[PDB]
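See below for data-v3.txt, which holds compact mmCIF, C-alpha atoms.
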```txt
# COMPACT_ATOMS: atom_id res chain seq x y z
CA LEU J 260 25.99 -84.92 -20.21
CA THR J 261 26.71 -88.43 -21.52
CA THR J 262 24.91 -89.92 -18.52
CA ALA J 263 22.10 -87.46 -19.22
CA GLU J 264 21.97 -88.38 -22.91
CA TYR J 265 21.84 -92.08 -22.08
CA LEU J 266 19.19 -91.84 -19.37
CA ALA J 267 17.11 -89.31 -21.29
CA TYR J 268 17.15 -90.63 -24.86
CA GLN J 269 18.28 -94.25 -24.84
CA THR J 270 16.10 -94.64 -21.78
CA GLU J 271 12.77 -92.78 -21.89
CA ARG J 272 12.89 -90.42 -18.91
CA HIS J 273 13.53 -86.78 -18.12
CA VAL J 274 16.78 -85.40 -16.71
CA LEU J 275 17.70 -82.14 -14.98
CA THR J 276 21.45 -81.84 -15.48
CA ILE J 277 22.93 -79.36 -13.00
CA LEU J 278 26.47 -78.20 -13.79
CA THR J 279 28.36 -76.44 -11.00
CA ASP J 280 31.14 -73.86 -11.37
CA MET J 281 31.30 -73.30 -15.09
CA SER J 282 33.88 -70.69 -14.09
CA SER J 283 35.97 -73.60 -12.80
CA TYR J 284 35.31 -75.44 -16.06
CA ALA J 285 36.47 -72.38 -18.00
CA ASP J 286 39.61 -72.19 -15.87
CA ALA J 287 40.21 -75.85 -16.73
CA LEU J 288 39.77 -75.09 -20.43
CA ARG J 289 42.27 -72.26 -20.04
CA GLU J 290 44.75 -74.61 -18.37
CA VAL J 291 44.54 -77.16 -21.18
CA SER J 292 44.44 -74.59 -24.00
CA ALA J 293 47.65 -73.12 -22.59
CA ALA J 294 48.99 -76.60 -21.82
CA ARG J 295 49.50 -76.66 -25.57
CA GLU J 296 51.28 -73.72 -27.17
CA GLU J 297 48.00 -71.95 -27.96
CA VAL J 298 47.98 -68.20 -27.29
CA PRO J 299 45.41 -66.98 -24.73
CA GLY J 300 42.29 -65.41 -26.17
CA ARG J 301 40.04 -62.52 -25.19
CA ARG J 302 40.71 -62.65 -21.44
CA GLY J 303 43.08 -65.58 -21.08
CA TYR J 304 40.25 -67.97 -21.86
CA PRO J 305 40.72 -69.60 -25.26
CA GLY J 306 39.21 -67.98 -28.33
CA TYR J 307 37.24 -71.16 -29.02
CA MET J 308 35.59 -71.15 -25.60
CA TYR J 309 32.32 -70.33 -27.35
CA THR J 310 32.47 -73.69 -29.13
CA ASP J 311 33.87 -75.47 -26.07
CA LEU J 312 30.90 -74.26 -24.00
CA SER J 313 28.31 -74.73 -26.75
CA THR J 314 29.31 -78.37 -27.11
CA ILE J 315 28.57 -78.77 -23.38
CA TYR J 316 25.40 -76.70 -23.08
CA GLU J 317 23.63 -77.65 -26.29
CA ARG J 318 23.50 -81.40 -25.54
CA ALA J 319 20.02 -80.94 -24.11
CA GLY J 320 16.44 -80.37 -25.16
CA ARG J 321 13.36 -82.34 -26.11
CA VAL J 322 13.59 -84.73 -29.05
CA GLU J 323 10.95 -85.83 -31.54
CA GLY J 324 11.35 -89.60 -31.32
CA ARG J 325 12.13 -89.84 -27.60
CA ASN J 326 9.89 -89.16 -24.60
CA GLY J 327 12.85 -87.94 -22.54
CA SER J 328 14.33 -84.48 -22.19
CA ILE J 329 17.52 -82.98 -20.77
CA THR J 330 17.13 -79.64 -18.99
CA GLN J 331 20.36 -77.95 -17.95
CA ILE J 332 20.79 -75.50 -15.09
CA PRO J 333 24.50 -74.62 -15.28
CA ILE J 334 25.51 -73.03 -11.99
CA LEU J 335 27.99 -70.33 -12.91
CA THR J 336 30.36 -68.13 -10.93
CA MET J 337 30.59 -64.53 -12.14
CA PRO J 338 34.08 -63.19 -11.33
CA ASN J 339 33.84 -59.73 -9.76
CA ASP J 340 30.09 -59.87 -10.54
CA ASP J 341 30.82 -58.73 -14.11
CA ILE J 342 28.26 -59.92 -16.66
CA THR J 343 30.51 -58.81 -19.53
CA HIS J 344 33.01 -61.45 -18.43
CA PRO J 345 33.61 -64.00 -21.22
CA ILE J 346 32.01 -66.95 -19.40
CA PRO J 347 28.74 -65.15 -18.52
CA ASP J 348 28.65 -63.56 -21.98
CA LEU J 349 29.06 -66.85 -23.84
CA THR J 350 26.67 -68.66 -21.50
CA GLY J 351 24.12 -65.93 -22.13
CA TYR J 352 24.61 -66.38 -25.86
CA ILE J 353 24.29 -70.17 -25.85
CA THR J 354 21.73 -70.75 -23.10
CA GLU J 355 18.11 -69.60 -22.99
CA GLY J 356 17.77 -67.63 -19.78
CA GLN J 357 19.55 -66.12 -16.82
CA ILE J 358 19.02 -66.68 -13.09
CA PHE J 359 20.87 -64.08 -11.04
CA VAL J 360 21.91 -64.58 -7.43
CA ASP J 361 22.23 -61.12 -5.92
CA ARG J 362 25.02 -60.03 -3.60
CA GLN J 363 22.77 -57.30 -2.19
CA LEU J 364 19.95 -59.75 -1.49
CA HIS J 365 22.32 -62.27 0.09
CA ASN J 366 23.80 -59.56 2.32
CA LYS J 367 20.28 -58.54 3.31
CA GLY J 368 19.89 -62.21 4.24
CA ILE J 369 17.28 -63.35 1.72
CA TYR J 370 17.67 -66.98 1.06
CA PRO J 371 17.67 -67.90 -1.75
CA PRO J 372 19.11 -64.61 -3.05
CA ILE J 373 17.49 -64.55 -6.48
CA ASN J 374 16.76 -61.04 -7.67
CA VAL J 375 13.95 -61.32 -10.19
CA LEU J 376 14.42 -57.94 -11.87
CA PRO J 377 17.45 -59.01 -13.98
CA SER J 378 16.65 -62.72 -14.04
CA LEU J 379 14.42 -64.08 -16.80
CA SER J 380 13.58 -67.23 -18.72
CA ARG J 381 13.00 -66.96 -22.46
CA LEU J 382 11.05 -70.23 -22.58
CA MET J 383 8.81 -69.46 -19.61
CA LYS J 384 5.85 -68.86 -21.93
CA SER J 385 6.24 -72.43 -23.19
CA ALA J 386 6.15 -73.80 -19.62
CA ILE J 387 3.62 -71.68 -17.72
CA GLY J 388 0.20 -72.36 -19.17
CA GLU J 389 -3.21 -73.94 -18.81
CA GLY J 390 -2.05 -77.56 -19.02
CA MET J 391 1.27 -76.97 -17.26
CA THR J 392 1.01 -75.32 -13.83
CA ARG J 393 -2.03 -73.23 -12.93
CA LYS J 394 -3.69 -71.19 -15.66
CA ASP J 395 -2.95 -67.99 -13.72
CA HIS J 396 0.83 -68.39 -13.90
CA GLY J 397 1.45 -66.28 -17.00
CA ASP J 398 -0.37 -63.23 -15.68
CA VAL J 399 0.69 -63.70 -12.04
CA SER J 400 4.40 -63.75 -12.83
CA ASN J 401 4.15 -60.68 -15.07
CA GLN J 402 2.19 -58.75 -12.44
CA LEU J 403 4.62 -59.82 -9.73
CA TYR J 404 7.61 -58.66 -11.77
CA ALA J 405 5.95 -55.33 -12.57
CA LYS J 406 5.00 -54.70 -8.95
CA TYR J 407 8.47 -55.67 -7.74
CA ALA J 408 10.02 -53.19 -10.17
CA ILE J 409 7.57 -50.52 -8.97
CA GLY J 410 8.47 -51.36 -5.37
CA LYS J 411 12.18 -51.04 -6.08
CA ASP J 412 11.59 -47.66 -7.73
CA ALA J 413 9.47 -46.52 -4.78
CA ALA J 414 12.11 -47.68 -2.29
CA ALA J 415 14.65 -45.61 -4.20
CA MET J 416 12.20 -42.68 -4.32
CA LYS J 417 11.33 -42.63 -0.61
CA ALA J 418 14.80 -41.58 0.52
CA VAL J 419 14.70 -38.52 -1.76
CA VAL J 420 11.07 -37.34 -1.71
CA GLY J 421 9.92 -38.50 1.73
CA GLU J 422 7.73 -41.48 2.59
CA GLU J 423 4.50 -39.49 2.89
CA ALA J 424 4.78 -37.89 -0.57
CA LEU J 425 4.73 -41.20 -2.47
CA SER J 426 1.58 -42.06 -4.39
CA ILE J 427 -0.90 -44.62 -3.09
CA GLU J 428 0.41 -47.19 -5.56
CA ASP J 429 4.01 -46.68 -4.43
CA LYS J 430 3.00 -46.70 -0.76
CA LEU J 431 1.30 -50.06 -1.22
CA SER J 432 4.21 -51.25 -3.34
CA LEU J 433 6.69 -50.62 -0.53
CA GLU J 434 4.75 -52.96 1.75
CA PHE J 435 4.45 -55.41 -1.14
CA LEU J 436 8.22 -55.40 -1.65
CA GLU J 437 8.82 -55.91 2.08
CA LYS J 438 6.29 -58.75 2.36
CA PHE J 439 7.68 -60.16 -0.91
CA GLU J 440 11.42 -60.27 -0.26
CA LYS J 441 10.68 -61.30 3.32
CA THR J 442 8.12 -63.99 2.50
CA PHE J 443 8.11 -64.98 -1.18
CA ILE J 444 11.74 -64.94 -2.31
CA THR J 445 12.76 -65.75 1.26
CA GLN J 446 12.53 -69.52 1.54
CA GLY J 447 13.98 -72.11 3.87
CA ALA J 448 16.84 -74.26 2.63
CA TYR J 449 14.66 -77.34 3.21
CA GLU J 450 11.29 -75.78 2.28
CA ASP J 451 9.86 -77.33 -0.89
CA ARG J 452 7.09 -75.29 -2.50
CA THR J 453 5.01 -76.79 -5.29
CA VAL J 454 4.32 -74.39 -8.15
CA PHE J 455 0.67 -74.23 -7.07
CA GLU J 456 1.62 -73.31 -3.50
CA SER J 457 4.06 -70.70 -4.80
CA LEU J 458 1.28 -69.24 -6.94
CA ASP J 459 -1.04 -69.23 -3.92
CA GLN J 460 1.56 -67.25 -1.97
CA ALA J 461 1.96 -64.97 -4.98
CA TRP J 462 -1.78 -64.31 -4.98
CA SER J 463 -1.74 -63.71 -1.23
CA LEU J 464 0.93 -61.09 -1.90
CA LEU J 465 -0.99 -59.57 -4.83
CA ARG J 466 -4.12 -59.20 -2.68
CA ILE J 467 -2.38 -56.20 -1.10
CA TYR J 468 -3.27 -54.07 -4.11
CA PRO J 469 -6.90 -53.30 -4.98
CA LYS J 470 -8.41 -55.29 -7.82
CA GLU J 471 -8.16 -52.23 -10.08
CA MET J 472 -4.42 -51.82 -9.41
CA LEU J 473 -3.35 -55.20 -10.88
CA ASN J 474 -2.98 -53.80 -14.38
CA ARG J 475 -1.05 -56.70 -15.92
CA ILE J 476 -3.44 -59.40 -14.69
CA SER J 477 -6.08 -60.40 -17.22
CA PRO J 478 -9.66 -59.54 -16.18
CA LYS J 479 -10.70 -63.20 -16.41
CA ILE J 480 -7.88 -64.17 -14.05
CA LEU J 481 -8.89 -61.39 -11.66
CA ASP J 482 -12.48 -62.65 -11.75
CA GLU J 483 -11.56 -66.29 -11.12
CA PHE J 484 -8.93 -65.60 -8.45
CA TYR J 485 -8.68 -62.66 -6.01
CA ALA E 53 -5.60 -16.69 -2.26
CA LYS E 54 -4.87 -13.61 -4.38
CA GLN E 55 -8.56 -13.39 -5.28
CA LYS E 56 -9.44 -13.93 -1.62
CA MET E 57 -7.06 -11.15 -0.57
CA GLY E 58 -8.57 -8.84 -3.18
CA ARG E 59 -11.98 -9.44 -1.62
CA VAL E 60 -10.85 -9.23 2.01
CA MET E 61 -8.93 -5.98 1.61
CA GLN E 62 -11.96 -4.31 0.04
CA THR E 63 -14.34 -5.50 2.76
CA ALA E 64 -11.94 -4.62 5.58
CA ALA E 65 -11.32 -1.16 4.13
CA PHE E 66 -15.08 -0.65 3.89
CA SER E 67 -15.44 -1.68 7.54
CA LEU E 68 -12.64 0.67 8.62
CA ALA E 69 -14.15 3.55 6.63
CA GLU E 70 -17.53 2.94 8.25
CA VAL E 71 -15.91 2.90 11.69
CA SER E 72 -14.09 6.15 10.92
CA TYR E 73 -17.33 7.76 9.73
CA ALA E 74 -19.11 6.64 12.90
CA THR E 75 -16.30 7.96 15.11
CA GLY E 76 -16.20 11.26 13.19
CA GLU E 77 -12.43 11.22 12.60
CA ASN E 78 -9.66 9.01 11.28
CA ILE E 79 -8.20 6.58 13.82
CA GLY E 80 -4.79 6.82 12.17
CA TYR E 81 -3.27 9.02 14.87
CA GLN E 82 -4.51 6.74 17.66
CA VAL E 83 -3.29 3.64 15.82
CA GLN E 84 0.15 5.20 15.32
CA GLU E 85 0.29 6.22 18.99
CA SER E 86 -0.66 2.67 20.02
CA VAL E 87 2.24 1.15 18.06
CA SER E 88 4.48 0.68 21.12
CA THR E 89 4.04 -3.11 21.12
CA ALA E 90 3.12 -5.70 18.50
CA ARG E 91 0.01 -7.81 19.08
CA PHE E 92 0.36 -9.92 15.90
CA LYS E 93 3.53 -11.90 15.18
CA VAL E 94 4.50 -14.60 12.68
CA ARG E 95 6.50 -17.61 13.88
CA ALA E 96 8.39 -19.43 11.14
CA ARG E 97 7.85 -23.19 10.91
CA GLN E 98 10.14 -25.37 8.79
CA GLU E 99 7.39 -27.69 7.62
CA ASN E 100 8.74 -30.61 5.60
CA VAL E 101 6.86 -30.73 2.29
CA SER E 102 7.99 -33.43 -0.15
CA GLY E 103 11.78 -33.55 0.07
```

Kindly transcribe the structure held in the file into structure tokens.
Amino acid sequence: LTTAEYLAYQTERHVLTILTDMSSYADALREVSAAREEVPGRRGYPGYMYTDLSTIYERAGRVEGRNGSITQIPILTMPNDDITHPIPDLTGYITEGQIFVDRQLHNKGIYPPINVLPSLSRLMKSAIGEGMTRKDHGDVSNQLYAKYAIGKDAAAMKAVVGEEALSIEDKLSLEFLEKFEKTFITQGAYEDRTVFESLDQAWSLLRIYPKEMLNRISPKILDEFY
Amino acid sequence: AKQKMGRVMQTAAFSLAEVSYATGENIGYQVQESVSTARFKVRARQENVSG
């Protein structure tokens, strides 16, 4: 973060600080906090871990006088995949989003194994826009999330009420989920997709549904695209 | 189907009554005597509807 602060404020350039294994960092904080005589806190991790992680995370963000900006993507290991663990809880409190890597998706073999149902970015609306990325991004992402949720519900529903009894929307949504997890989320380890190309693939996926079925998409966006 | 059955029973009973009037006697005895074998049978099918 000191390298990032230098390069991004003293120098005028942007920085994407990526911090790996904040669970390992928390274990290190535990080791030092108990290297003194301090009593362990909520789960062994020190009671001040909120401050000790805020002082690391918060050293980022755009600044008025400087043209640079530090954006942090702290890679974080969830022990036992428990969100209520102290590290994920405090990182959720301090940071401004959550990207989830899914054990189920990874086992299915979907690289990269992001599940978009739990994952979100609070400051997406400040990034996706007319001047930043394509003007369709805001509606396309919302429609994609809604259709993915519908597809997950329909995949759950098929095993209990038969495939043929699903509605037309759910029947299309099953194929959308298959062609989505197998083509959109699925991505080669060395495959770089520009945001415009990713949106083009998103639209190619959304063309499965009829124009009247894309409820979340704005009518102007439907008219321009599709 | 209940309305349809209400119509069909009436029309079939009318047809049977007309046949009996034409024949001059009720065909009940002949029908009972001809009950040795069944010409109409229902085969159960376990059609999968919904779940």

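Atom pair CA of residue 467 in chain J / CA of residue 380 in chain J has a distance of 26.2 Å (rounded to one decimal).
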
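With distances restricted to all atoms listed in the file, J:421 is the closest residue to chain E from J:421, J:377, J:351, J:303.
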
Select from chain E every residue with an atom at most 12 Å from any atom of chain J, then for each give the shortest pair of atoms and their distance in Å to one decimal, using all atoms listed in the file, rows by chain and rising number, as a Markdown table.
```
| residue | atom | partner | partner_atom | distance |
| --- | --- | --- | --- | --- |
| E:100 | CA | J:421 | CA | 8.9 |
| E:101 | CA | J:424 | CA | 8.0 |
| E:102 | CA | J:420 | CA | 5.2 |
| E:103 | CA | J:420 | CA | 4.2 |
```

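With CA of residue 328 in chain J on one side and CA of residue 353 in chain J on the other, the separation reads 17.8 Å.
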
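We find CA of residue 316 in chain J and CA of residue 262 in chain J to be spaced 14.0 Å apart.
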
Would you mind listing what lies within 8 Å of residue 345 in chain J as number ranges by chain, with all atoms listed in the file counted and same-chain residues fewer than 4 positions away left out? J: 301-302, 304, 349

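Near residue 431 in chain J, within 12 Å and counting only C-alpha atoms, sit residues 406, 407, 409, 410, 411, 413, 414, 422, 423, 425, 437, 438, 439, 464, 465, 466, 467, 468, 469, 472 and 473 of chain J; same-chain residues fewer than 6 positions away were not included.
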
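Using only C-alpha atoms, the shortest contact distance between residue 479 in chain J and any of J:394, J:453, J:333, J:281 is found at J:394.
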
Which residues, written as an MDAnalysis selection string, have at least one atom at most 12 Å from residue 482 in chain J, with only C-alpha atoms counted and residues fewer than 3 positions away on the same chain left out? chainID J and resid 395 470:471 473 476:479 485

Residues within 10 Å of residue 362 in chain J, all atoms listed in the file, excluding chain neighbours under 2 positions, as JSON, numbers by chain: {"J": [340, 359, 360, 364, 365, 366, 367, 368, 369, 372, 373, 374]}

Can you tell me, as lines of an AutoDock Vina configuration file, the centre and edge lengths (Å, one decimal) of the axis-aligned box enclosing all of range 430-448 of chain J's listed atoms after padding each side by 8 Å?
```
center_x = 9.1
center_y = -60.5
center_z = 0.3
size_x = 31.5
size_y = 43.6
size_z = 23.2
```

Distance query residue 314 in chain J at most 12 Å, all atoms listed in the file, self and fewer than 3 positions along chain excluded, as a PDB file with C-alpha atoms, in the frame of the given file:
```pdb
ATOM      1  CA  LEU J 260      25.990 -84.920 -20.210  1.00  0.00           C
ATOM      2  CA  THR J 261      26.710 -88.430 -21.520  1.00  0.00           C
ATOM      3  CA  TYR J 307      37.240 -71.160 -29.020  1.00  0.00           C
ATOM      4  CA  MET J 308      35.590 -71.150 -25.600  1.00  0.00           C
ATOM      5  CA  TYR J 309      32.320 -70.330 -27.350  1.00  0.00           C
ATOM      6  CA  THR J 310      32.470 -73.690 -29.130  1.00  0.00           C
ATOM      7  CA  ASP J 311      33.870 -75.470 -26.070  1.00  0.00           C
ATOM      8  CA  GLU J 317      23.630 -77.650 -26.290  1.00  0.00           C
ATOM      9  CA  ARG J 318      23.500 -81.400 -25.540  1.00  0.00           C
ATOM     10  CA  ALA J 319      20.020 -80.940 -24.110  1.00  0.00           C
ATOM     11  CA  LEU J 349      29.060 -66.850 -23.840  1.00  0.00           C
ATOM     12  CA  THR J 350      26.670 -68.660 -21.500  1.00  0.00           C
ATOM     13  CA  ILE J 353      24.290 -70.170 -25.850  1.00  0.00           C
ATOM     14  CA  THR J 354      21.730 -70.750 -23.100  1.00  0.00           C
TER      15      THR J 354
END
```
